[PDB]
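Coming up is one lone chain in structure tokens, specifically the form deposited in one PDB entry.
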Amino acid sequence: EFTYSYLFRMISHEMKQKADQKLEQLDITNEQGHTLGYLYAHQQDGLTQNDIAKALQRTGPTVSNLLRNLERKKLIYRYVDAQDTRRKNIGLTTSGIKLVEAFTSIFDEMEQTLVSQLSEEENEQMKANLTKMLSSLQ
């Protein structure tokens, strides 16, 4: 009944939907999620609003609003740079980190769900076949 194109598109759609749904359960928007995820990946650096704006490709006022909201939840903290009064550095709080890790947990959760649908032998065959299909598109 279904074409492969429909199935692959729909599977991807639902995987995205699950992620969206996880963000909703954590009371954050997609964009807030992206901001926190980028902070997570660059915790070591000492990031500013401008860095985030460039990375997310969003205007300054938009990132200011996002950060204001994230800080109001204390998922982030901001402080004046000791060498530059005009610069505010941004970090994740303990809870910010926990929220990001809770969000990203959904990837393995979905993998585990997909894997549990088939017998071990069926999974091996399915992966082989998907691997062949993937090759045929390359």
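Numbering starts at 1 and runs along the sequence shown. Superpose the two forms; the largest set of C-alphas matching within 1.5 Å is the rigid core.
There is another form of this protein, the form deposited in another entry, and it is not shown here; the text below is about that form.
With the rigid core superposed, which of 83, 94, 57, 44 has its C-alpha shift by 2 Å or more between the shown form and the other one?
-> One residue passes the 2 Å cut-off, namely 83.
Kindly check if the Cα atom of residue 71 is displaced 2 angstroms or more between the shown form and the other one relative to the superposed rigid core.
-> Shift of 2 Å or more: no.
Relative Cα spacing, residue 44 and residue 80, in the other entry - shift of 3 Å or more = They are closer; the C-alpha distance drops by 3 Å or more in the other entry.
Indicate closer or farther: the Cα atoms of residue 115 and residue 41, in the other entry, relative to the displayed form, with a change of 3 Å or more.
-> Relative to this form, closer in the other entry.
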